[PDB]
Amino acid sequence: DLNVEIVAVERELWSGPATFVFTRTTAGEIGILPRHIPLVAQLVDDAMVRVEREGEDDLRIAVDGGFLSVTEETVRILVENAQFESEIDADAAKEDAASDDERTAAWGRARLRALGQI
Amino acid sequence: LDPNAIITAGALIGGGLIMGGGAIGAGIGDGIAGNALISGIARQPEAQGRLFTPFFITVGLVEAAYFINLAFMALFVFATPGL
Amino acid sequence: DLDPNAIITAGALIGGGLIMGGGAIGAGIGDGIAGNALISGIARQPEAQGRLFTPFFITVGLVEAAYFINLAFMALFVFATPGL
Amino acid sequence: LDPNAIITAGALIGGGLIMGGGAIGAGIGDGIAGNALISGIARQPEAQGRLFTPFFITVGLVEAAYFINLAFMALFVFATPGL
Amino acid sequence: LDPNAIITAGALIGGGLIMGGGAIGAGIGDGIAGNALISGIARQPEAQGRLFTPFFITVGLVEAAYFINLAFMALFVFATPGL
Amino acid sequence: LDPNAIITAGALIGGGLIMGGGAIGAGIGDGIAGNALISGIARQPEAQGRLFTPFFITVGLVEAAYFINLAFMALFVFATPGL
Amino acid sequence: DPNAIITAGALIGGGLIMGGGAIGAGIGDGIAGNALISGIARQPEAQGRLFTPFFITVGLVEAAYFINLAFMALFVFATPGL
Amino acid sequence: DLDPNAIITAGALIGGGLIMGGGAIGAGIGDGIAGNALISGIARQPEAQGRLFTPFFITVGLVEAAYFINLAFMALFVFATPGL
Amino acid sequence: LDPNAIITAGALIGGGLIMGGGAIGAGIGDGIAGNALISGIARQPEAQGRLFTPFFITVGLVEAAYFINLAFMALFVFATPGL
Amino acid sequence: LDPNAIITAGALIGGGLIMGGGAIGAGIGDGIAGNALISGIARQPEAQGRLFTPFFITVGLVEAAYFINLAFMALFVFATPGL
Amino acid sequence: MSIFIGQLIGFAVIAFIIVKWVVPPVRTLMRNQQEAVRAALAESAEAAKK
Amino acid sequence: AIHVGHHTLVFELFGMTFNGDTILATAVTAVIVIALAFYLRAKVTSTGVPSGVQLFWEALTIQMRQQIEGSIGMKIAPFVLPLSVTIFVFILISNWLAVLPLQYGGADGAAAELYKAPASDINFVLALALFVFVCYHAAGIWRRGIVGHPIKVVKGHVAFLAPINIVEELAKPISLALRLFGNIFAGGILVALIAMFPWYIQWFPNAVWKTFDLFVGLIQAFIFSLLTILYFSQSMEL
Amino acid sequence: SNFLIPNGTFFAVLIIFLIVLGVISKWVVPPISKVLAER
């Protein structure tokens, strides 16, 4: 078990134990387990983070500007913005997707991936 | 000297070399593919389900050459050309 | 003492054996290397798979090319031994 | 000159080639797969359960070829065609 | 014993060596060049256009060596010097 | 030209090939597994205790692949079949 | 004829020599190309600057290959001690 | 009518040559690979060299063991060929 | 049979083995060193001056081995021991 | 038929194999160690001095194998056992 | 003696190369070590005075 | 005309043979080492500026102490430092003197060297390797008793790979010896081989090869010293 | 020839090596170690 802490510039977003942490980095997809070696990585523009805990359903978060840092004791994602799956809006995510603005399109794609529509 | 004896000895040596090369290539290719699969799984343990397929494609590609060499060696040892 | 045909046939069989030994080793190595590249590619970017087979098959076909070409020379040796 | 003499000499050389190629293939595949396994275990200790199995698949895929070479040496050294 | 038979056998063995070396080099050099190009394309989805050129240069050098070996083997087998 | 001498020479050449291949495989596999172990421990100084296990498994596998050769080479030299 | 045996041995030696030379040249070219592909993938503008080290490597490998070729020619065309 | 023992000696010599040539190839490659690992580790972790020497040689000895075993059997073949 | 012909053929084949091994070793080592240099240049274009010196050291060692093999081949061919 | 010629040719072939193996091993090891040194230099320019000493140990091992070859080839060709 | 003359010429060439190239840097390192130890001694003296 | 072996000045005493030339070379190296040691002792200036000899010796000592500490505690076995440091210098000069131009014509149409590196003879390397073997095995016996040492080495890292461990032990001395021999023996051959060419063209290859040989010898001596230290450490633990 | 056969030199050379060690174990290594520790 590893202590995840999704922290954002405006405020910290989520913190707590989790068994698995899946995401997509510039290098590629990465799945972090409790004793993962120390690492620093940059998430892709439309990255999504799936944290899998015990006793609860897996949690999907859409991240803008996330940077992953994995340590022997704890893991922290420095996210410019982060939204939980429960509050994601399907129509808004679709409309934001494929926008001429790369930032908006990436945010919409991250929202969809967190939801699952991709 | 018996022509058949020399011809068959040459055929046996050639087939042995055929198997030597085929085994070398197949084994090292299989090891390389397994290394790629292991690295991928370590990167993302849940990715094995989708990783198996390309790995099996590579294994097919290498094992095909291996068994082609098997067939040609079998031709050599049993059906010796120009015997 | 020895008939020319026996000696030339033994030489041809050994030569063809070398042909396909080298061809098999090279084909196995190339296939393994291309497969490693592809395996890592899908392990990292599953979405890239469609654009990834193209160079993969392009290189694997080239790897095979030499090994399959060796078939013609092997046949010319074992079955059509020049100057038999 | 005894034809069986040349037959046996050629068979021995062929079997030597068999063992050569088989040993290169087996050792190289084992080394590459082991390097992948070491890297994966170092990176993800808890992934050993899901990492040993693919490592076993690939090492089996390499051994299979090596043991096939051993079996064919058995033929070359005990039942050589044309003896 | 006929000298021509021995000369032809030696030439055929030499050609076998030529082809073995050429196949080894061509196949595995092209395989590694591939691996490089596929890795680059995976990293860069649209870099293939700007990547094919160096890859084609590499495979061109490799296949130039391979076909040089092919031509030399043809020369020895069909135009065996000192027959 | 005593035949038994020819069979013994063929067996000796077979042993040459067998042990050359076994040594190549053992050296390469040991070196690769090493490289992996050194890299892993360099990343994690404390992990060496657990990384030794897979490393020693692979080392044992490759050394067994070499010892199988060793035994069959002994068979070739100690008790040459078809003598 | 002893001269026939000498010629056969020389031809086998030349065949082996050029087999080794082809192996070396092909693999060296492939490795250098692998490095060049990686570099160009990292930065397209790097293509111009990467040529000089890549050319140095491929030339220094093909030099060994061509020296090997010259030695094979020496063996085959001029069989020493015939 | 040539000496059979001369043929046996030539065969043993070629065999032992293969023995220790393969041994040397294996030893050189393995030592080089372990050395590359050691260089990479030392570059990554400067102070680590002290503790990384022992794992390095844990594999260097393992690699050289096969080489020297093959060397011993080469001497066995050459010094006293089996059933000369 | 003339002893000189057998000795000369053996010397020719031995020198050919020497050149084989030398060519493989030199080509592979030089290619690997050049690959390292290319990687360094691509990752650090301005480091070329610093990187050249290890390149030349490795080239010196590799070419020293190759030319040593060349010298022994010259010995074997022109001045065969026990000719 | 002058067994001296047979033994001399066998010794020459053996020595050719000695040099083949030694040259291959030395070239590959030198290339690999040089690549590691160049990569270390490129990544950490500060470690010039530190990275040199392990590199020379690695060169020592590889050249040790290669020069052990040299020695045994000198033994075979000049003072051939079993003459 | 012809081989002797050639070997003497080779020895002279290598001596020239080494004296030209490697002697200056090794002398520089020797001088640097001497100056470093002398500076350490002076530092000890001045620290005792301090 | 290489004439590999054929040691000159061979003489038989006590009903057994000795190679005079190798003993001469070894004695020359030993007296050079003794002269340097006496120069150091006479001109050892701790407070003053060290001389070239002092700088050389102290650099050797500090480097070797660094490797020893990196391997095992200096206080655990201080004797390792003097025991094997000599091996560095003893070998070094033995190879370095090969640069000196002592190669002439023996009137037999070949090349003969007045001075031949002692490591170029199998006896020298055999003696050094066997001495090191007995030395570090005795050190291990002292560390973990006579009975414990064989059990420890046989057990090794993993029990089920016991045979290799024994080979490793037997590999320790031979590995040390042969390489050294080769690293020097080739040189002895090469120069002689280089003598085959005409002098007006044989000069340059001889110069280049001797330049390379200087390195070969220095690096080989460093490797021998570090391997000695390591083998002392490995046999000395727990 | 077989130069590899051990010879008497093995013993004789060993003796010289030994004395050198004896010289370096008392008049070089201990004094220089003392100097280094003093520095």
# chains A, B, ... in the order shown; residues from 1 in each chain; ligands from 1

$ calpha_fit_rmsd --fixed "chain I" --moving "chain F"
0.5 Å

$ residues_around --residues "segment 14-23 of chain A" --least-positions-apart "5" --cutoff "6 Å" --atoms "only C-alpha atoms" --output "ChimeraX atom specification"
/A:1-6,29-33,48-53

$ write_last_selection --atoms "C-alpha atoms" --output "PDB file, in the first residue's frame"
ATOM      1  CA  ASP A   1       0.000   0.000   0.000  1.00  0.00           C
ATOM      2  CA  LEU A   2       1.239   3.478  -0.950  1.00  0.00           C
ATOM      3  CA  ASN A   3       0.004   6.903   0.149  1.00  0.00           C
ATOM      4  CA  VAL A   4      -1.111   8.889  -2.900  1.00  0.00           C
ATOM      5  CA  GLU A   5      -1.408  12.678  -2.688  1.00  0.00           C
ATOM      6  CA  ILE A   6      -2.856  14.440  -5.731  1.00  0.00           C
ATOM      7  CA  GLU A  29       1.843   4.202 -19.529  1.00  0.00           C
ATOM      8  CA  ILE A  30       3.028   3.555 -15.973  1.00  0.00           C
ATOM      9  CA  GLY A  31       1.508   1.472 -13.199  1.00  0.00           C
ATOM     10  CA  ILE A  32       2.902   2.162  -9.730  1.00  0.00           C
ATOM     11  CA  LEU A  33       2.755  -0.440  -6.951  1.00  0.00           C
ATOM     12  CA  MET A  48      -5.757  10.285 -16.743  1.00  0.00           C
ATOM     13  CA  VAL A  49      -4.954   8.841 -13.311  1.00  0.00           C
ATOM     14  CA  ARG A  50      -6.674   5.691 -12.035  1.00  0.00           C
ATOM     15  CA  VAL A  51      -6.001   5.072  -8.339  1.00  0.00           C
ATOM     16  CA  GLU A  52      -7.076   1.618  -7.140  1.00  0.00           C
ATOM     17  CA  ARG A  53      -7.615   1.254  -3.385  1.00  0.00           C
TER      18      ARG A  53
END

$ atom_distance --atom1 "atom CA of residue 3 of chain B" --atom2 "atom CA of residue 19 of chain C"
23.4 Å

$ interface_residues --of "chain M" --to "chain J" --cutoff "12 Å" --atoms "only C-alpha atoms" --output "list in words"
residues 1, 2, 3, 4 and 5 of chain M

$ residues_around --residues "residue 109 of chain A" --least-positions-apart "3" --cutoff "7 Å" --atoms "only C-alpha atoms" --output "PDB file with C-alpha atoms, in the first residue's frame"
ATOM      1  CA  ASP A  46      -4.549  14.365 -21.908  1.00  0.00           C
ATOM      2  CA  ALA A  97     -12.634  17.840 -27.113  1.00  0.00           C
ATOM      3  CA  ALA A 105      -8.936  19.698 -26.187  1.00  0.00           C
ATOM      4  CA  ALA A 106      -6.449  18.018 -23.850  1.00  0.00           C
ATOM      5  CA  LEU A 112     -13.454  11.695 -21.053  1.00  0.00           C
ATOM      6  CA  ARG A 113     -10.694   9.226 -20.170  1.00  0.00           C
ATOM      7  CA  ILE A 118     -12.181   8.217 -24.132  1.00  0.00           C
TER       8      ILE A 118
END

$ closest_atom_pairs --of "chain G" --to "chain I" --cutoff "8 Å" --atoms "only C-alpha atoms" --output "Markdown table"
| residue | atom | partner | partner_atom | distance |
| --- | --- | --- | --- | --- |
| G:2 | CA | I:5 | CA | 5.4 |
| G:3 | CA | I:5 | CA | 6.8 |
| G:5 | CA | I:5 | CA | 6.7 |
| G:6 | CA | I:9 | CA | 5.1 |
| G:7 | CA | I:9 | CA | 7.9 |
| G:8 | CA | I:9 | CA | 7.8 |
| G:9 | CA | I:9 | CA | 4.7 |
| G:10 | CA | I:12 | CA | 5.7 |
| G:12 | CA | I:13 | CA | 6.8 |
| G:13 | CA | I:16 | CA | 4.5 |
| G:14 | CA | I:16 | CA | 6.3 |
| G:16 | CA | I:16 | CA | 6.0 |
| G:17 | CA | I:20 | CA | 4.8 |
| G:18 | CA | I:20 | CA | 7.2 |
| G:19 | CA | I:20 | CA | 7.0 |
| G:20 | CA | I:20 | CA | 4.2 |
| G:21 | CA | I:23 | CA | 5.1 |
| G:23 | CA | I:24 | CA | 6.1 |
| G:24 | CA | I:24 | CA | 4.2 |
| G:25 | CA | I:27 | CA | 5.8 |
| G:27 | CA | I:28 | CA | 6.4 |
| G:28 | CA | I:31 | CA | 4.2 |
| G:29 | CA | I:31 | CA | 6.8 |
| G:31 | CA | I:31 | CA | 5.8 |
| G:32 | CA | I:35 | CA | 5.1 |
| G:34 | CA | I:35 | CA | 7.4 |
| G:35 | CA | I:35 | CA | 4.9 |
| G:36 | CA | I:38 | CA | 6.4 |
| G:38 | CA | I:39 | CA | 7.4 |
| G:39 | CA | I:42 | CA | 4.8 |
| G:40 | CA | I:42 | CA | 7.5 |
| G:42 | CA | I:42 | CA | 7.1 |
| G:43 | CA | I:42 | CA | 7.4 |
| G:46 | CA | I:42 | CA | 6.5 |
| G:49 | CA | I:45 | CA | 7.9 |
| G:50 | CA | I:38 | CA | 6.5 |
| G:53 | CA | I:38 | CA | 6.2 |
| G:54 | CA | I:38 | CA | 6.6 |
| G:56 | CA | I:34 | CA | 7.8 |
| G:57 | CA | I:34 | CA | 5.1 |
| G:58 | CA | I:31 | CA | 7.3 |
| G:60 | CA | I:30 | CA | 7.2 |
| G:61 | CA | I:27 | CA | 5.2 |
| G:62 | CA | I:27 | CA | 8.0 |
| G:64 | CA | I:23 | CA | 6.5 |
| G:65 | CA | I:23 | CA | 6.6 |
| G:68 | CA | I:19 | CA | 6.8 |
| G:75 | CA | I:12 | CA | 7.8 |
| G:80 | CA | I:77 | CA | 7.1 |
| G:81 | CA | I:8 | CA | 6.6 |
| G:82 | CA | I:5 | CA | 7.1 |

$ atom_distance --atom1 "atom CA of residue 105 of chain L" --atom2 "atom CA of residue 194 of chain L"
13.0 Å

$ atom_distance --atom1 "atom CA of residue 54 of chain B" --atom2 "atom CA of residue 25 of chain C"
21.1 Å

$ residues_around --residues "residue 81 of chain C" --least-positions-apart "4" --cutoff "7 Å" --atoms "only C-alpha atoms" --output "JSON, numbers by chain"
{"C": [12, 76, 77]}

$ interface_residues --of "chain L" --to "chain K" --cutoff "8 Å" --atoms "only C-alpha atoms" --output "ChimeraX atom specification"
/L:47-50,52,55,99-101,103-105,111,195,198-208,210-211

$ residues_around --residues "segment 28-37 of chain M" --least-positions-apart "3" --cutoff "6 Å" --atoms "only C-alpha atoms" --output "list in words"
residues 46 and 82 of chain L; 24 and 25 of chain M

$ closest_residue --among "H:13, H:53, H:65, H:18" --to "chain F" --atoms "only C-alpha atoms"
H:18

$ interface_residues --of "chain H" --to "chain D" --cutoff "12 Å" --atoms "only C-alpha atoms" --output "PyMOL selection string"
chain H and resi 1+8+11+14-15+18-19+22-23+25-26+29-30+33-34+37+63

$ interface_residues --of "chain A" --to "chain D" --cutoff "9 Å" --atoms "only C-alpha atoms" --output "count of residues only"
7
